[PDB]
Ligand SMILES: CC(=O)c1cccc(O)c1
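In structure tokens, the next block holds one chain alone, the form deposited without 1-(3-hydroxyphenyl)ethanone (53C).
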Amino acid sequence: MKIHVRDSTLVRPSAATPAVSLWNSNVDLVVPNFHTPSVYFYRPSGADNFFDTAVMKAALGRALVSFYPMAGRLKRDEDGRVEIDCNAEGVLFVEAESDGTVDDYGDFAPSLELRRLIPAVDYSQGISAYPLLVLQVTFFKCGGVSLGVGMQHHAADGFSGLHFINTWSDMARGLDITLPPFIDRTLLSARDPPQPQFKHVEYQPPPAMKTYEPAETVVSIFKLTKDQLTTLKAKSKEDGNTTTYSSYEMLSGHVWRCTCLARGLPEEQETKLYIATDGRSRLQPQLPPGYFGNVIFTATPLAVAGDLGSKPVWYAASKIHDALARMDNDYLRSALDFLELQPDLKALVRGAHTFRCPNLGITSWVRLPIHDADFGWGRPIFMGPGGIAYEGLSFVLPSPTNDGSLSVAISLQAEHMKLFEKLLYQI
């Protein structure tokens, strides 16, 4: 596929905004130095102004008035802590055309081909050189469009990112803002003095394999029907168990169990699962609605591969449930204090090393309004991560339709992926 840039421009807020330095909490700092990628695809609606970029950019400028740190730059304070200079220098907006088609992406498995639909960022010129948000509208030969989004993680987590994109699309459709963002991350300050309660399992080194060989990773995506999910949830009754687990818990346990078997892990091999969890739900007092920043904490259940394999899915689901249950306000506040006492927070950012065999990360977007980004020409037919970076990461994506199906997108070694698919459908 050939992609050709027609125009690129910095879009600034359409009205005055505060000229301030925005503090980053410890949760805003334990994030990649990258732009988190996501992509939206849209089919032609028949309209004559399909994804008119003037409509797009005007609505973007309005949205940036309320989300003004999105238009800022990173800088460091005197002590070297990264903060957001809310200088309204603007967001990058790229209009692109492609000699390919939306059909060329098939089932939209989030391979690294999607990265071409998001603007590239040069990280070699220091942290202030690039915008915090980079956007690309690509016009395909077939008439379809992709919106590619690259969001610098210090500014916001997925929840705030979605808040922004859906606000933007509302404004493109002529609406006013539904949920004003709340901008003040000092609500997530550590206690003084920091008083950690635990040696937080989520920042400890994961189990290892004892040998490594090299592995290319493939990315696939698999749909599970409503019927299949219902059947899966009902397996909680297996072996006379009477505790019920949620569909989320049962599916994540199922994926975990399937990954272990697909990878042929030895029976005694330990495995750690990393589950992102939104603290907005648990922190006390309630964070204001529309809180703008990062509030993602990690639940990390542990198991033995042989036990996951030889026991019902609800065994894995129970581990997941317990690991999530313990993350109440006290535990989240503990984690903030734990971070405060770390000497180097970027050392805690998880990479490919974290999610290699035997471990796994599962991110669920099933609860989230990811398809509400209707800019006036319809909801997307697909929304996903813009390329799963490495082996051992998975995303659970709700259907764009109301058929109650979902998709598991996952990155595995190629020899593992085929067994994985077979096991996933043994419901």
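Don't overthink the numbering: it's just position in the shown sequence, from 1.
There is another form of this protein, the form deposited with 1-(3-hydroxyphenyl)ethanone (53C) bound, and it is not shown here; the text below is about that form.
The site on this chain is open, since 1-(3-hydroxyphenyl)ethanone (53C), superimposed from its pose in the bound PDB entry on the surrounding C-alphas, has no atom within 2.4 angstroms of any backbone or C-beta atom. For the options 356, 280, 350, 311, the residue carrying a heavy atom within 4.5 angstroms of 1-(3-hydroxyphenyl)ethanone (53C) in the bound PDB entry is 350.
Shown without its partner, this chain lists 298, 342, 246, 111 as candidates; in the bound PDB entry, only 298 has a non-hydrogen atom within 4.5 angstroms of 1-(3-hydroxyphenyl)ethanone (53C). 1-(3-hydroxyphenyl)ethanone (53C) is not shown here, but in the bound PDB entry it comes within 4.5 Å of a heavy atom of residue 361. Using a 4.5 angstroms threshold between heavy atoms, residue 274 counts as touching 1-(3-hydroxyphenyl)ethanone (53C) in the bound PDB entry.
Proximity of residue 395 to 1-(3-hydroxyphenyl)ethanone (53C) in the bound PDB entry: non-hydrogen atoms within 4.5 Å are present. The candidate stretches are 371-379, 60-68, 46-54, 387-395, and the one lying within 4.5 Å of 1-(3-hydroxyphenyl)ethanone (53C) in the bound PDB entry by heavy atoms is 387-395.
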